[PDB]
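Notes follow once the structure below has been shown.
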Amino acid sequence: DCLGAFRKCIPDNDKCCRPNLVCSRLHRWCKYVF
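Structure below.
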(Lines of atoms letter the chains of each structure in order from A and count residues from 1; the text may use other names and numbers.)
(Lines give C-alpha, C1' and ligand atoms only; values in the text may rest on other atoms or scores of the structure.)
Protein backbone atom coordinates (compact mmCIF):
# COMPACT_ATOMS: atom_id res chain seq x y z
CA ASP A 1 0.00 0.00 0.00
CA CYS A 2 1.37 3.35 -0.92
CA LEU A 3 2.41 5.53 1.97
CA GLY A 4 2.49 9.17 1.23
CA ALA A 5 -0.05 11.37 -0.46
CA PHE A 6 1.24 14.65 1.02
CA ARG A 7 2.05 13.07 4.39
CA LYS A 8 4.95 14.83 6.05
CA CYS A 9 8.18 12.97 5.72
CA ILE A 10 11.36 12.46 7.67
CA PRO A 11 14.31 12.76 5.18
CA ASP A 12 16.64 10.62 7.36
CA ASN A 13 14.19 7.73 7.20
CA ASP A 14 12.00 8.26 4.23
CA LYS A 15 9.02 5.97 4.16
CA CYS A 16 6.78 6.76 1.25
CA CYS A 17 5.74 4.51 -1.61
CA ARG A 18 9.02 4.48 -3.49
CA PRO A 19 9.91 4.94 -6.21
CA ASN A 20 6.58 6.63 -6.94
CA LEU A 21 6.53 8.84 -3.90
CA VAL A 22 9.56 10.24 -2.16
CA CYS A 23 10.04 12.72 0.68
CA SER A 24 10.18 16.04 -0.94
CA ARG A 25 12.32 17.84 1.57
CA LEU A 26 11.49 21.32 0.30
CA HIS A 27 7.79 20.57 0.27
CA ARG A 28 8.08 18.65 3.57
CA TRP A 29 5.90 15.80 2.42
CA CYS A 30 5.79 12.56 0.45
CA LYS A 31 5.03 13.72 -3.00
CA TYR A 32 4.74 11.83 -6.20
CA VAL A 33 7.64 11.83 -8.60
CA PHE A 34 4.94 12.17 -11.18
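In terms of the authors' numbering, the sequence shown is numbered consecutively and its last residue is 34.
Where a beta carbon is used, it is the ideal one built from N, C-alpha and C, also for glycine.
In the DSSP assignment, what residue or residues form a beta bridge with residue i?
i	result
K8	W29
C16	According to DSSP, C16 bridges with nothing at all.
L21	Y32
Just to confirm, is the Cβ distance from residue i to residue j under 8 Å?
i	j	result
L3	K15	yes
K8	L21	no
Measuring CA to CA, which of the options is closest to residue i?
i	options	result
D1	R18, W29, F34, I10	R18
Hey, does residue i have any beta-carbon neighbour from chain C nearer than 8 Å?
i	result
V22	You won't find chain C in this structure, because it holds only one protein chain.
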